[PDB]
Amino acid sequence: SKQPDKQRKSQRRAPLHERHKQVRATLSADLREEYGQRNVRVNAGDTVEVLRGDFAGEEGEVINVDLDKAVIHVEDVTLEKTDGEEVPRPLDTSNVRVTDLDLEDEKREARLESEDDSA
Amino acid sequence: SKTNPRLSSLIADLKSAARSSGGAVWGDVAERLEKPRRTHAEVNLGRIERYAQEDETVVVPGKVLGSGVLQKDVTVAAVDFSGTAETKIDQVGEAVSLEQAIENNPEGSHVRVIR
Amino acid sequence: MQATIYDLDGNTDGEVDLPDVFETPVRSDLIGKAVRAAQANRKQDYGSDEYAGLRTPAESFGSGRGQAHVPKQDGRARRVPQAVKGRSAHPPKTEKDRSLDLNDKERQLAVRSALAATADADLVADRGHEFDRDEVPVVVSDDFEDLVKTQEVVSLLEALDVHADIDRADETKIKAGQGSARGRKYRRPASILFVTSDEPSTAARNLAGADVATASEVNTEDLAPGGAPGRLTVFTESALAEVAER
Amino acid sequence: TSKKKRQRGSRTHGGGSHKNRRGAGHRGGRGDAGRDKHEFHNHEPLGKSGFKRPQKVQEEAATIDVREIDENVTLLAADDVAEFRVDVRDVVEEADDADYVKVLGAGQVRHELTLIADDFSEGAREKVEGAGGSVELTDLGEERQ
RNA sequence: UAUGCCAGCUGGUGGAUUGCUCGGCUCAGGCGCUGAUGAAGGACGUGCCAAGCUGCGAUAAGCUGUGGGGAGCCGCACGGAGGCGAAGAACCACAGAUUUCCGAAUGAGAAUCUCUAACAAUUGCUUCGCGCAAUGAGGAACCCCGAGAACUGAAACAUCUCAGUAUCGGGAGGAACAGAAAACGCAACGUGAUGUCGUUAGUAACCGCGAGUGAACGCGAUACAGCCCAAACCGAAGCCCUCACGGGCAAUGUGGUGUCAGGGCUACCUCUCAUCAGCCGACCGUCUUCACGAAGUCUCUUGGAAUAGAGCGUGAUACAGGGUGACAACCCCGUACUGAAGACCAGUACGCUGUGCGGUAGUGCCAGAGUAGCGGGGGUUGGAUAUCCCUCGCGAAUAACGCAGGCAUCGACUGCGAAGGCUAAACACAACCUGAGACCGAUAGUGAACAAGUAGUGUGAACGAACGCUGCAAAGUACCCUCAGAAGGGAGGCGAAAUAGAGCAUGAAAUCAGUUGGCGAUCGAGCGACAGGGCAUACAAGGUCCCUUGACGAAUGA
RNA sequence: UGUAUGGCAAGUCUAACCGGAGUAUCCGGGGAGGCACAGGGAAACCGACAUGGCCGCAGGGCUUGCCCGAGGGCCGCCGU
Ligand SMILES: [Cl-]
Ligand SMILES: [Cl-]
Ligand SMILES: [Cl-]
Ligand SMILES: [Mg+2]
Ligand SMILES: [Mg+2]
Ligand SMILES: [Mg+2]
Ligand SMILES: [Mg+2]
Ligand SMILES: [Mg+2]
Ligand SMILES: [Mg+2]
Ligand SMILES: [Mg+2]
Ligand SMILES: [Mg+2]
Ligand SMILES: [Mg+2]
Ligand SMILES: [Mg+2]
Ligand SMILES: [Mg+2]
Ligand SMILES: [Mg+2]
Ligand code: NA
Ligand code: NA
Ligand code: NA
Ligand code: NA
Ligand code: NA
Ligand code: NA
Ligand code: NA
Ligand code: NA
Ligand code: NA
Ligand code: NA
Ligand code: NA
Ligand code: NA
Ligand code: NA
Ligand code: NA
Ligand code: NA
Ligand code: NA
Ligand code: NA
Ligand code: NA
Ligand SMILES: [Sr+2]
Ligand SMILES: [Sr+2]
Ligand SMILES: [Sr+2]
Ligand SMILES: [Sr+2]
Ligand SMILES: [Sr+2]
Ligand SMILES: [Sr+2]
Ligand SMILES: [Sr+2]
Ligand SMILES: [Sr+2]
Ligand SMILES: [Sr+2]
Ligand SMILES: [Sr+2]
Ligand SMILES: [Sr+2]
Ligand SMILES: [Sr+2]
Ligand SMILES: [Sr+2]
Ligand SMILES: [Sr+2]
Ligand SMILES: [Sr+2]
Ligand SMILES: [Sr+2]
Ligand SMILES: [Sr+2]
């Protein structure tokens, strides 16, 4: 649908498996060349570099990925609460870039390398 | 007020001649054209044949239509002619636009107004 | 008159006779009438629910309690136009005919007149198009219909000194008002119309502001968007010929 | 600006006293109410008049005046050119869905014509014959008797 | 100066306004039945903690399989504890398991429980045994068959009209109904089943001949399709149940033949590719879903944040739409192109098997009765003598006869065979799926953007609201003081901003507190307009104004 | 039923619908049918001035008052 209300609606109500595409980030130049893909679903093992927020320029390992809220926790990308406890400042994966992947999963590595499919 | 830019210009030109040159018909025709379309002339050939004479331009402050027979070798000047009117007129004479008549005869001389 | 054909490199390659239609006296009022018709005819019927505000057994108490004779239900006024939650006195109606008729002869004349407005460089520039050229419309060979890449059509246009019009239409405007909430957030200038003969140029269609069409069915709108005559167009040798009997 | 467009602020919208534009009383009744009483003026009088013959017993003739034929003789080059000769049945539009073709005699006949039709008026003949012409009645035209 | 008036300022109150849209409204395409194999609906349950909603059903936010999917997950709902998932969970598609009680509700009774084997009730078949079956109830409207108002209009009113409308009873389907001429009647040397659309036409016709009411034949289109009995002549050659055995039906006729291109019978010519039964069984298209899918996240400046400005660069069969800390073709989802699946079209079309089309001559063998038709009384219709129907009475012929062609009878002419039956497609609606919009934008639009048919009212039928917005990120305010205090307050911390601090964007008016200017306790009331004085006034967006004298100098005029 | 504007003109317009396509727009096709092209008469039935006279506005002409004079006005005559 070209209608905005329907667009937003389908994104906010997409089922869990369809929410994977809502946590995808662009790949670095070397990775794009190595896997023939422009982007990939950020995983909790991948290393990422912040390209946009107040944390732009920072590098870190992805500590968490929430499909429900479609955001990720990157290491050291935090906010200091009033009590002093540092807590994660969620990031939209579109403001982030993948520099290193976590290929421990046979299935993930397979999808990344296959030409007919994407990950 | 008219909406056709052409008719609008034709009237402006009819006036410019009536004023500049000595033509009194062009201003007379301009005044009729400025009037409501329903009052404009819808003249068939049978009327031109009845009241027109050679060497006297027929001036129609409106449109000429194709009903009837025209035998006289006359020059008809009008805002417009139906496809058939123009065709029938040229077989025995000459159908001319008002815009042409104003240029050829800005003094508006030797001309008969027909409606 | 005569129109100069151009090869896919931007160089002259002979010339043909510009058809008589391009000599049709420009009639912006008729063109505007035609475009108003086309635009109105694609408008959808709408109207509020015929029973909105009428779903209540509300009744007026009449005289006696120092209150206006307004129908009420459970203490709250209802139904009537002046009451909150009441019906709309004269709302939009689905039954309404939102279409406009146009005599074929009148519309066919508007097409020809619009076509003719294309052959006037001053009109085209007046309409707003950006280009450095004298001869217009821009006539090109039939091999144009075999182009596949958009990037290639760009080069040909830069060679024809007509690409500036695309840089003009390369600016999306974010409209003022709630149209945005209905999917009408953006709009952009109308640039070049590409008229072909066999099929609409898939290669030129994505160009900013461009519109592709075919000789047999090119209409008043693509010829004069918004009813404004004189659009920067580019015909095809065969399109140019086929358009003559329209 | 239209008349309607200038109404906001007028209160009465041209109706005069606000006691005017109420129901059908302001019209003197609904539709043609009172056509023989208070609004009898400019109404056709009450009553029955005449009779109608059944639709399928009624004949409808396709007619043309000599003037129409005579004015198009040259333009009718697709037809016979004798010493002209024209079968009216092939000239009149809507001749099929009509019981017969009749030539009426209005206008002048400035040519020698040989017309063939189902019927002719006294005037049609006089005009055609008096101009060195002739009138040929069709086989269907052999009704006159 | 008290009480107080006018205007403003600071802060409230209030929630208008502006911006925003998870909801509506409307149009369009597709698709369309469910139920005794117990539906739809309802009740009550079901979670670690669980009130609402959603889901589910004692296997209770779930169990199994296959496929997809993928490193996460444990609904709405961001908690605490804990758990699940590479033994591939979540999540999605298809299929299956489970599936309490009431409910058509069916063993009997009952306000969702109870009492002692149940198709209750009505039917068909029948081994005459509930053994095998059927019906019931639901569904947004649409459809078909029945019952059938009144306000109203007629400027009153009765016929007429509103209207065969509202409403009521009964019933089917995915569509219904209709339908292969006892037709039409541009009267013909003509048309050729039926719906529907455009037109014919506000024509004909009706009507206190008032107001009003109102077709059809035909024509142009859409879609096209044509058949089966009864009987003649045959006469058990037949059908149903059962694996079989065997049983049931059937001479009151199962089955063959046959159906106006009449047929049968007798005698003949030739032939079939009609029809009917049955087998096989789509392409394409359409709707929906899915796979794949190009190109910048480069420099400087501003900013809390670049999607901004300037500069440089790229894709495009893709410059639709959305998301992302501000305006994004190139950051993310998508979009073009190409491809796949399901559904519908459709068990249809094409193909095939079987059967056999047809013609001549003779033959008064057959061809639907309370019928055709007439009369009495009503309703209905445009139907007028000439609509369709109901009711009461009467009542025919037999194809060599009969009916129709808008009054009756007789004759001619033309058409056509009633009183048996079936029938695809083209059309209605909108539950359901998807798409769309010069529609509305939170007092609007649905009653319902929120707990919405919710809260709440009524014995009941029924009636029925209001409530949208912190922030880029919860960073949702640690510590300290005060206090009866998890309140509130002070100080303090976060953030671009807390006058963004929780019904937390903006924050109008009415109006309230404090306060500034003017007036003010000897004085008069449409609150002002126009003149002219006092007092008051940061900048900006206005820059003029005063007096001597002089020039000009209308009417008037010492 | 008027009016203003616009198209075409003794004609004019398509309706349902069909094809195309960029697929509600739009291009092409469709004239069925409507209105106009003759009227009068209940009906049967019959069927008309493409101009014969005079006046004359605007306009044109001439040797400057005299001519030609569309439209208009008054009559004739024509159909029923
Ligand atoms: Cl005329
Ligand atoms: Cl009659
Ligand atoms: Cl017929
Ligand atoms: Mg790959
Ligand atoms: Mg409302
Ligand atoms: Mg606005
Ligand atoms: Mg019971
Ligand atoms: Mg009344
Ligand atoms: Mg009366
Ligand atoms: Mg009626
Ligand atoms: Mg009929
Ligand atoms: Mg049989
Ligand atoms: Mg009645
Ligand atoms: Mg509301
Ligand atoms: Mg606020
Ligand atoms: Na209600
Ligand atoms: Na009051
Ligand atoms: Na409409
Ligand atoms: Na009033
Ligand atoms: Na006919
Ligand atoms: Na469906
Ligand atoms: Na709960
Ligand atoms: Na279930
Ligand atoms: Na049963
Ligand atoms: Na039994
Ligand atoms: Na009345
Ligand atoms: Na009364
Ligand atoms: Na009556
Ligand atoms: Na982003
Ligand atoms: Na009777
Ligand atoms: Na008949
Ligand atoms: Na609200
Ligand atoms: Na026609
Ligand atoms: Sr969730
Ligand atoms: Sr959530
Ligand atoms: Sr009283
Ligand atoms: Sr008035
Ligand atoms: Sr009223
Ligand atoms: Sr009277
Ligand atoms: Sr016709
Ligand atoms: Sr047929
Ligand atoms: Sr019979
Ligand atoms: Sr008779
Ligand atoms: Sr409110
Ligand atoms: Sr009560
Ligand atoms: Sr503070
Ligand atoms: Sr005092
Ligand atoms: Sr003086
Ligand atoms: Sr036409
Ligand atoms: Sr005259």
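Exactly one residue out of A:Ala25, A:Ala56 is closer than 22 Å to A:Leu112 by Cβ, small (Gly, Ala, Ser) and more than 16 Å from ligand 16 (Cβ to nearest atom): that is A:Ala25. Being within 14 Å of chain A (Cβ to nearest Cβ), more than 16 Å from ligand 18 (Cβ to nearest atom) and touching a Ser or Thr at 6+ places or on another chain (Cβ under 9 Å) holds for only one residue in C:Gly209, C:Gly227, C:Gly183, and it is C:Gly183. Scanning region B:1-16 for residues that are part of a helix (DSSP H, G or I), within 14 Å of another protein chain (Cβ to nearest Cβ) and not hydroxyl-bearing (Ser, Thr, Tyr), we see that the one that is surrounded by the most Cβ atoms within 10 Å (Cβ to Cβ) is B:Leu10. Taken residue by residue, region D:77-86 has at least one member that is within 14 Å of chain B (Cβ to nearest Cβ) and within 30 Å of D:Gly133 (Cβ to Cβ). Quick check on my filter: what residues within region B:73-94 are within 12 Å of RNA strand F (Cβ to nearest atom), over 24 Å from B:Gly22 (Cα atoms) and not aromatic (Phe, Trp, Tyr)? B:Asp80, B:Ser82, B:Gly83, B:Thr84, B:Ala85, B:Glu86, B:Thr87, B:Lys88, B:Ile89 - these are the residues of region B:73-94 that are within 12 Å of RNA strand F (Cβ to nearest atom), over 24 Å from B:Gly22 (Cα atoms) and not aromatic (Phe, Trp, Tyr). Only strands (runs of 3 or more DSSP E) whose full extent lies in region B:17-94 are considered here, and none of them has at least 2 residues that are small (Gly, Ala, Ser) and within 14 Å of chain D (Cβ to nearest Cβ). In region C:83-102, the residues that are away from chain D (no Cβ under 14 Å) reach residues that are away from ligand 34 (no atom under 16 Å from the Cβ) and of a type in the set (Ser, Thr, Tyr) with C-beta atoms within less than 7 angstrom, at least six apart or across chains, in these pairs: C:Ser88/C:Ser48; C:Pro91/C:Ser48; C:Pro92/C:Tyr46; C:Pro92/C:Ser48; C:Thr94/C:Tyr46.
Report yes if some residue within region C:84-97 is in a helix (DSSP H, G or I), more than 16 Å from ligand 49 (Cβ to nearest atom) and crowded, with 16+ Cβ neighbours inside 10 Å; otherwise report no. The answer is no, given that none of the residues of region C:84-97 is in a helix (DSSP H, G or I), more than 16 Å from ligand 49 (Cβ to nearest atom) and crowded, with 16+ Cβ neighbours inside 10 Å. On the stretch given as region C:35-52, residues that are away from every other protein chain (no Cβ under 14 Å) and under 19 Å from C:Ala224 (Cα atoms) total 7. If you filter region A:1-38 down to residues that are within 14 Å of chain C (Cβ to nearest Cβ) and charged (D, E, K, R), you find that the one that is nearest to the chain's Cα centre (by Cα) is A:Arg8. Taking the criterion of being small (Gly, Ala, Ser) and either surrounded by 18 or more Cβ atoms within 10 Å (Cβ to Cβ) or within 16 Å of ligand 18 (Cβ to nearest atom) (or both), the residues of region B:83-115 that qualify are B:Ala85, B:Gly93, B:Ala95, B:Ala101, B:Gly108.
Within region C:8-33, if we keep just the residues that are touching a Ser or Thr at 6+ places or on another chain (Cβ under 6 Å) and more than 14 Å from chain B (Cβ to nearest Cβ), the residue that is surrounded by the fewest Cβ atoms within 10 Å (Cβ to Cβ) turns out to be C:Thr12. For the condition within 14 Å of chain B (Cβ to nearest Cβ) and either within 11 Å of D:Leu115 (Cβ to Cβ) or more than 16 Å from ligand 37 (Cβ to nearest atom) (or both), D:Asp65 qualifies.
Just to be sure, is D:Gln108 farther than 20 Å from D:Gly141 by Cβ and away from ligand 16 (no atom under 16 Å from the Cβ)? Answer is yes for this residue.
Read-outs throughout are calculated quantities, based only on the coordinates presented, and are distinct from any laboratory measurement. We place every Cβ from the backbone using ideal geometry, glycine too, and count neighbours over all the protein chains shown.
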